[PDB]
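Structure below is coords_20.pdb: PDB, C-alpha atoms.
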ATOM      1  CA  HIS A   1     127.603 173.547 140.750  1.00  0.00           C
ATOM      2  CA  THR A   2     124.699 171.232 139.916  1.00  0.00           C
ATOM      3  CA  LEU A   3     125.518 171.259 136.210  1.00  0.00           C
ATOM      4  CA  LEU A   4     129.220 170.707 136.914  1.00  0.00           C
ATOM      5  CA  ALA A   5     128.401 167.810 139.279  1.00  0.00           C
ATOM      6  CA  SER A   6     125.692 166.280 137.038  1.00  0.00           C
ATOM      7  CA  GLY A   7     123.080 167.508 139.504  1.00  0.00           C
ATOM      8  CA  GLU A   8     120.091 169.645 138.616  1.00  0.00           C
ATOM      9  CA  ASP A   9     117.709 172.141 140.216  1.00  0.00           C
ATOM     10  CA  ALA A  10     114.800 171.041 137.898  1.00  0.00           C
ATOM     11  CA  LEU A  11     114.360 170.953 134.101  1.00  0.00           C
ATOM     12  CA  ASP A  12     111.665 170.255 131.511  1.00  0.00           C
ATOM     13  CA  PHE A  13     111.238 169.530 127.794  1.00  0.00           C
ATOM     14  CA  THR A  14     108.872 167.728 125.378  1.00  0.00           C
ATOM     15  CA  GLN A  15     108.076 167.714 121.657  1.00  0.00           C
ATOM     16  CA  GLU A  16     105.435 169.477 119.584  1.00  0.00           C
ATOM     17  CA  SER A  17     102.574 168.108 117.464  1.00  0.00           C
ATOM     18  CA  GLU A  18     102.142 167.536 113.721  1.00  0.00           C
ATOM     19  CA  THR A  19      99.125 167.474 111.404  1.00  0.00           C
ATOM     20  CA  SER A  20      96.572 164.734 112.026  1.00  0.00           C
ATOM     21  CA  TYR A  21      93.810 164.183 109.496  1.00  0.00           C
ATOM     22  CA  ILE A  22      90.323 162.862 110.240  1.00  0.00           C
ATOM     23  CA  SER A  23      86.991 162.895 108.390  1.00  0.00           C
ATOM     24  CA  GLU A  24      83.399 161.619 108.530  1.00  0.00           C
ATOM     25  CA  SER A  25      81.209 159.218 106.539  1.00  0.00           C
ATOM     26  CA  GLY A  26      77.838 159.190 104.832  1.00  0.00           C
ATOM     27  CA  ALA A  27      74.803 156.926 104.741  1.00  0.00           C
ATOM     28  CA  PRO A  28      71.980 156.365 102.246  1.00  0.00           C
ATOM     29  CA  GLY A  29      68.256 156.373 103.000  1.00  0.00           C
ATOM     30  CA  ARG A  30      68.493 156.606 106.746  1.00  0.00           C
ATOM     31  CA  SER A  31      71.439 158.885 106.183  1.00  0.00           C
ATOM     32  CA  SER A  32      74.474 160.261 107.997  1.00  0.00           C
ATOM     33  CA  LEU A  33      73.658 163.921 107.281  1.00  0.00           C
ATOM     34  CA  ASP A  34      71.393 166.213 109.268  1.00  0.00           C
ATOM     35  CA  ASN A  35      68.185 168.148 108.797  1.00  0.00           C
ATOM     36  CA  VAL A  36      70.600 171.089 108.693  1.00  0.00           C
ATOM     37  CA  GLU A  37      72.305 169.582 105.669  1.00  0.00           C
ATOM     38  CA  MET A  38      68.959 168.706 104.077  1.00  0.00           C
ATOM     39  CA  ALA A  39      67.807 172.312 104.299  1.00  0.00           C
ATOM     40  CA  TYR A  40      71.177 173.247 102.827  1.00  0.00           C
ATOM     41  CA  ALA A  41      70.544 170.704 100.083  1.00  0.00           C
ATOM     42  CA  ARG A  42      67.395 172.506  99.026  1.00  0.00           C
ATOM     43  CA  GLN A  43      69.311 175.785  98.819  1.00  0.00           C
ATOM     44  CA  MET A  44      72.288 174.576  96.817  1.00  0.00           C
ATOM     45  CA  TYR A  45      70.021 172.484  94.582  1.00  0.00           C
ATOM     46  CA  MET A  46      67.852 175.448  93.609  1.00  0.00           C
ATOM     47  CA  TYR A  47      71.013 177.559  93.358  1.00  0.00           C
ATOM     48  CA  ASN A  48      72.775 175.129  91.030  1.00  0.00           C
TER      49      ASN A  48
ATOM     50  CA  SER B   1     119.000 159.824 128.498  1.00  0.00           C
ATOM     51  CA  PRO B   2     118.401 159.270 124.784  1.00  0.00           C
ATOM     52  CA  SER B   3     115.299 157.312 125.824  1.00  0.00           C
ATOM     53  CA  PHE B   4     113.479 160.488 126.908  1.00  0.00           C
ATOM     54  CA  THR B   5     114.409 162.417 123.758  1.00  0.00           C
ATOM     55  CA  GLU B   6     113.182 159.449 121.734  1.00  0.00           C
ATOM     56  CA  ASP B   7     110.000 159.375 123.826  1.00  0.00           C
ATOM     57  CA  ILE B   8     109.154 163.032 123.139  1.00  0.00           C
ATOM     58  CA  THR B   9     110.239 162.958 119.487  1.00  0.00           C
ATOM     59  CA  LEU B  10     108.333 159.776 118.643  1.00  0.00           C
ATOM     60  CA  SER B  11     105.373 161.203 120.560  1.00  0.00           C
ATOM     61  CA  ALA B  12     105.499 164.042 118.028  1.00  0.00           C
ATOM     62  CA  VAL B  13     105.985 161.647 115.089  1.00  0.00           C
ATOM     63  CA  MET B  14     103.274 159.329 116.432  1.00  0.00           C
ATOM     64  CA  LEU B  15     100.471 161.591 117.728  1.00  0.00           C
ATOM     65  CA  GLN B  16      99.148 162.014 114.172  1.00  0.00           C
ATOM     66  CA  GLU B  17      97.785 158.478 114.559  1.00  0.00           C
ATOM     67  CA  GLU B  18      95.073 157.297 116.931  1.00  0.00           C
ATOM     68  CA  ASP B  19      96.369 153.871 118.071  1.00  0.00           C
ATOM     69  CA  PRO B  20     100.014 154.440 119.070  1.00  0.00           C
ATOM     70  CA  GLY B  21      99.782 152.026 121.977  1.00  0.00           C
ATOM     71  CA  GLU B  22      99.983 148.822 119.975  1.00  0.00           C
ATOM     72  CA  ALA B  23     102.724 150.281 117.780  1.00  0.00           C
ATOM     73  CA  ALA B  24     104.813 150.816 120.896  1.00  0.00           C
ATOM     74  CA  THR B  25     103.654 147.404 122.110  1.00  0.00           C
ATOM     75  CA  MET B  26     105.267 145.632 119.188  1.00  0.00           C
ATOM     76  CA  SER B  27     108.212 148.020 119.422  1.00  0.00           C
ATOM     77  CA  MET B  28     108.856 146.529 122.869  1.00  0.00           C
ATOM     78  CA  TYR B  29     109.478 142.928 121.824  1.00  0.00           C
ATOM     79  CA  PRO B  30     112.692 143.449 119.772  1.00  0.00           C
ATOM     80  CA  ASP B  31     114.160 144.919 122.924  1.00  0.00           C
ATOM     81  CA  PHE B  32     112.958 141.822 124.793  1.00  0.00           C
ATOM     82  CA  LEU B  33     114.818 139.560 122.417  1.00  0.00           C
ATOM     83  CA  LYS B  34     117.971 141.662 122.264  1.00  0.00           C
ATOM     84  CA  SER B  35     118.065 141.635 126.060  1.00  0.00           C
ATOM     85  CA  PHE B  36     117.654 137.861 126.050  1.00  0.00           C
ATOM     86  CA  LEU B  37     120.709 137.984 123.799  1.00  0.00           C
ATOM     87  CA  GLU B  38     122.966 140.091 126.006  1.00  0.00           C
ATOM     88  CA  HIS B  39     122.069 138.607 129.389  1.00  0.00           C
ATOM     89  CA  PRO B  40     121.303 135.066 130.626  1.00  0.00           C
ATOM     90  CA  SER B  41     118.092 133.545 132.001  1.00  0.00           C
ATOM     91  CA  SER B  42     119.380 133.477 135.591  1.00  0.00           C
ATOM     92  CA  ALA B  43     119.510 137.314 135.497  1.00  0.00           C
ATOM     93  CA  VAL B  44     115.713 137.638 135.479  1.00  0.00           C
ATOM     94  CA  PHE B  45     115.803 140.479 137.981  1.00  0.00           C
ATOM     95  CA  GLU B  46     117.993 142.745 135.840  1.00  0.00           C
ATOM     96  CA  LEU B  47     115.632 141.688 133.074  1.00  0.00           C
ATOM     97  CA  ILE B  48     112.838 143.081 135.266  1.00  0.00           C
ATOM     98  CA  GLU B  49     114.589 146.409 135.840  1.00  0.00           C
ATOM     99  CA  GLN B  50     115.139 146.787 132.106  1.00  0.00           C
ATOM    100  CA  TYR B  51     111.468 145.855 131.617  1.00  0.00           C
ATOM    101  CA  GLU B  52     110.377 148.534 134.032  1.00  0.00           C
ATOM    102  CA  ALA B  53     112.729 151.214 132.718  1.00  0.00           C
ATOM    103  CA  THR B  54     111.779 150.747 129.075  1.00  0.00           C
TER     104      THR B  54
END
Turn this file's structure into structure tokens for me.
Amino acid sequence: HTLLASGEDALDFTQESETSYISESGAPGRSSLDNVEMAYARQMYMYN
Amino acid sequence: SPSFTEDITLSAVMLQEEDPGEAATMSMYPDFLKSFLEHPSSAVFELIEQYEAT
């Protein structure tokens, strides 16, 4: 009866999400990396 | 209303971004001007309801 009379008993709907792309940035000297990445740098440097 | 379907769908097509608010902000003004077109300047109250609804 609600649908026939344009009434409703409650309803819901939205839309989904799509890909969003973000990144980071670097810095020289006083740099944007971490001590973590510096230790990694030793490893990949000796490896390469 | 089509307005709600457009709201959800453009929320999907817009969420990728990070500053949707100003995009919608500018999107408002063409509606302002169209409304100025269809209705006079003594109908400011109906202007206000359309403001609020949109």
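If you take all atoms listed in the file and a cut-off of 10 Å, the residues of chain B that reach chain A are residues 4, 5, 6, 7, 8, 9, 10, 11, 12, 13, 14, 15, 16, 17 and 18 of chain B.
As for CA of residue 34 in chain B and CA of residue 50 in chain B, they are spaced 11.5 Å apart.
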Quiz item: What does the distance from CA of residue 45 in chain A to CA of residue 27 in chain A come to in Å, to one decimal?
Solution: 19.2 Å
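The gap separating CA of residue 3 in chain B from CA of residue 25 in chain B is 15.7 Å, in Å to one decimal.
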Extending 8 Å beyond the listed atoms of range 4-8 of chain A on each side, what axis-aligned box results? I want centre and edge lengths in Å to one decimal, as JSON.
{"center_x": 124.7, "center_y": 168.5, "center_z": 138.2, "size_x": 25.1, "size_y": 20.4, "size_z": 18.6}
Please produce range 10-34 of chain B, completed to N, CA and C atoms, as a PDB file, in the coordinates of the input.
ATOM      1  N   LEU B  10     109.262 160.728 119.236  1.00  0.00           N
ATOM      2  CA  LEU B  10     108.333 159.776 118.643  1.00  0.00           C
ATOM      3  C   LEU B  10     106.903 160.050 119.087  1.00  0.00           C
ATOM      4  N   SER B  11     106.708 160.713 120.234  1.00  0.00           N
ATOM      5  CA  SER B  11     105.373 161.203 120.560  1.00  0.00           C
ATOM      6  C   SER B  11     104.912 162.221 119.525  1.00  0.00           C
ATOM      7  N   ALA B  12     105.816 163.108 119.110  1.00  0.00           N
ATOM      8  CA  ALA B  12     105.499 164.042 118.028  1.00  0.00           C
ATOM      9  C   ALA B  12     105.237 163.312 116.711  1.00  0.00           C
ATOM     10  N   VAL B  13     106.078 162.328 116.380  1.00  0.00           N
ATOM     11  CA  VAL B  13     105.985 161.647 115.089  1.00  0.00           C
ATOM     12  C   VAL B  13     104.857 160.612 115.107  1.00  0.00           C
ATOM     13  N   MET B  14     104.248 160.401 116.278  1.00  0.00           N
ATOM     14  CA  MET B  14     103.274 159.329 116.432  1.00  0.00           C
ATOM     15  C   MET B  14     101.872 159.858 116.723  1.00  0.00           C
ATOM     16  N   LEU B  15     101.763 161.057 117.304  1.00  0.00           N
ATOM     17  CA  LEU B  15     100.471 161.591 117.728  1.00  0.00           C
ATOM     18  C   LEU B  15      99.500 161.772 116.568  1.00  0.00           C
ATOM     19  N   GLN B  16     100.013 161.878 115.339  1.00  0.00           N
ATOM     20  CA  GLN B  16      99.148 162.014 114.172  1.00  0.00           C
ATOM     21  C   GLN B  16      98.118 160.900 114.160  1.00  0.00           C
ATOM     22  N   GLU B  17      98.559 159.699 114.516  1.00  0.00           N
ATOM     23  CA  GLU B  17      97.785 158.478 114.559  1.00  0.00           C
ATOM     24  C   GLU B  17      96.801 158.510 115.722  1.00  0.00           C
ATOM     25  N   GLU B  18      96.056 157.416 115.868  1.00  0.00           N
ATOM     26  CA  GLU B  18      95.073 157.297 116.931  1.00  0.00           C
ATOM     27  C   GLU B  18      95.211 156.012 117.736  1.00  0.00           C
ATOM     28  N   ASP B  19      96.072 155.087 117.313  1.00  0.00           N
ATOM     29  CA  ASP B  19      96.369 153.871 118.071  1.00  0.00           C
ATOM     30  C   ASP B  19      97.881 153.688 118.186  1.00  0.00           C
ATOM     31  N   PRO B  20      98.563 154.594 118.887  1.00  0.00           N
ATOM     32  CA  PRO B  20     100.014 154.440 119.070  1.00  0.00           C
ATOM     33  C   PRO B  20     100.386 153.343 120.042  1.00  0.00           C
ATOM     34  N   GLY B  21      99.447 152.937 120.898  1.00  0.00           N
ATOM     35  CA  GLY B  21      99.782 152.026 121.977  1.00  0.00           C
ATOM     36  C   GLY B  21     100.264 150.684 121.471  1.00  0.00           C
ATOM     37  N   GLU B  22      99.555 150.108 120.505  1.00  0.00           N
ATOM     38  CA  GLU B  22      99.983 148.822 119.975  1.00  0.00           C
ATOM     39  C   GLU B  22     101.285 148.957 119.197  1.00  0.00           C
ATOM     40  N   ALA B  23     101.460 150.067 118.477  1.00  0.00           N
ATOM     41  CA  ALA B  23     102.724 150.281 117.780  1.00  0.00           C
ATOM     42  C   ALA B  23     103.889 150.205 118.750  1.00  0.00           C
ATOM     43  N   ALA B  24     103.793 150.932 119.861  1.00  0.00           N
ATOM     44  CA  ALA B  24     104.813 150.816 120.896  1.00  0.00           C
ATOM     45  C   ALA B  24     104.855 149.407 121.475  1.00  0.00           C
ATOM     46  N   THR B  25     103.696 148.749 121.555  1.00  0.00           N
ATOM     47  CA  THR B  25     103.654 147.404 122.110  1.00  0.00           C
ATOM     48  C   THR B  25     104.559 146.473 121.332  1.00  0.00           C
ATOM     49  N   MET B  26     104.378 146.432 120.016  1.00  0.00           N
ATOM     50  CA  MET B  26     105.267 145.632 119.188  1.00  0.00           C
ATOM     51  C   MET B  26     106.693 146.148 119.260  1.00  0.00           C
ATOM     52  N   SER B  27     106.868 147.470 119.324  1.00  0.00           N
ATOM     53  CA  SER B  27     108.212 148.020 119.422  1.00  0.00           C
ATOM     54  C   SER B  27     108.950 147.479 120.639  1.00  0.00           C
ATOM     55  N   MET B  28     108.216 147.082 121.681  1.00  0.00           N
ATOM     56  CA  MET B  28     108.856 146.529 122.869  1.00  0.00           C
ATOM     57  C   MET B  28     109.592 145.222 122.610  1.00  0.00           C
ATOM     58  N   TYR B  29     108.965 144.293 121.902  1.00  0.00           N
ATOM     59  CA  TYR B  29     109.478 142.928 121.824  1.00  0.00           C
ATOM     60  C   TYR B  29     110.890 142.811 121.254  1.00  0.00           C
ATOM     61  N   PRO B  30     111.293 143.564 120.219  1.00  0.00           N
ATOM     62  CA  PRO B  30     112.692 143.449 119.772  1.00  0.00           C
ATOM     63  C   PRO B  30     113.671 143.731 120.887  1.00  0.00           C
ATOM     64  N   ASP B  31     113.335 144.678 121.756  1.00  0.00           N
ATOM     65  CA  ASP B  31     114.160 144.919 122.924  1.00  0.00           C
ATOM     66  C   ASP B  31     114.165 143.703 123.840  1.00  0.00           C
ATOM     67  N   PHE B  32     113.007 143.055 124.010  1.00  0.00           N
ATOM     68  CA  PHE B  32     112.958 141.822 124.793  1.00  0.00           C
ATOM     69  C   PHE B  32     113.993 140.838 124.291  1.00  0.00           C
ATOM     70  N   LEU B  33     113.998 140.617 122.981  1.00  0.00           N
ATOM     71  CA  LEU B  33     114.818 139.560 122.417  1.00  0.00           C
ATOM     72  C   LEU B  33     116.290 139.940 122.443  1.00  0.00           C
ATOM     73  N   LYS B  34     116.594 141.205 122.151  1.00  0.00           N
ATOM     74  CA  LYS B  34     117.971 141.662 122.264  1.00  0.00           C
ATOM     75  C   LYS B  34     118.478 141.462 123.682  1.00  0.00           C
TER      76      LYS B  34
END
